[PDB]
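Undergrad: Let me give you the structure first, and then I'll get to my questions.
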Amino acid sequence: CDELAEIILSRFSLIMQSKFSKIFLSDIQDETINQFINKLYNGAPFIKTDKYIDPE
Amino acid sequence: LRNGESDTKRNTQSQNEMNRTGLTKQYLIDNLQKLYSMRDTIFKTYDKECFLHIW
């Protein structure tokens, strides 16, 4: 049970650690991001922006 | 019997002043190419930090 407890400690820590997110980098109050997220979350096959947002 | 004596004292004080001015103007075609984005890059930093980038 000592060997089983350690594995569960590692297995549970991996569950809580494994959480994914999408991170947008921009100026701290650039209201384009909020508009961009609103389009992206909903359906948006095509989004038009400028060169300065640099999606890649 | 003839005896002679002679003295002399000189004292010359001089002053100079020389002012030089030059202006070498060089015409390179390379410096003309770098002229292009000199004014434009002023408003590329304005665009990125003050205006909305989504249509």
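Undergrad: Can you bin the protein assembly as shown into rounded, prolate or oblate? Criterion: square roots of the alpha carbon gyration tensor eigenvalues sorted a ≥ b ≥ c, rounded for a/c under 1.5, prolate for a/b above b/c, oblate for the rest.
TA: It is oblate, given that a/c is not under 1.5 and a/b is not larger than b/c.
Undergrad: Cα to Cα, under 30 Å, and not fewer than 8 places away if on the same chain: which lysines meet these conditions relative to residue B:48?
TA: A:22, A:39, A:48, A:51, B:34
Undergrad: Please state the shape class of the range B:13-55: rounded when a/c is under 1.5, otherwise prolate if a/b exceeds b/c and oblate if not, all from the C-alpha gyration tensor.
TA: oblate
Undergrad: Something else now. For the protein assembly as shown, what is the mean residue ellipticity at 222 nm derived from helices alone (per DSSP H run of n ≥ 4: -39500 (n - 2.57); sum divided by total residues; nearest 500 deg cm²/dmol)?
TA: My calculation for the protein assembly as shown gives -11500 deg cm²/dmol from helical runs alone.
Undergrad: Take the alpha-carbon centre of the range A:1-47, take the same for the range B:6-32, and report the distance between them in whole Å.
TA: A separation of 73 Å, based on Cα centres.
Every number here is computed from the coordinates shown, using simple stated rules; none is lab data.
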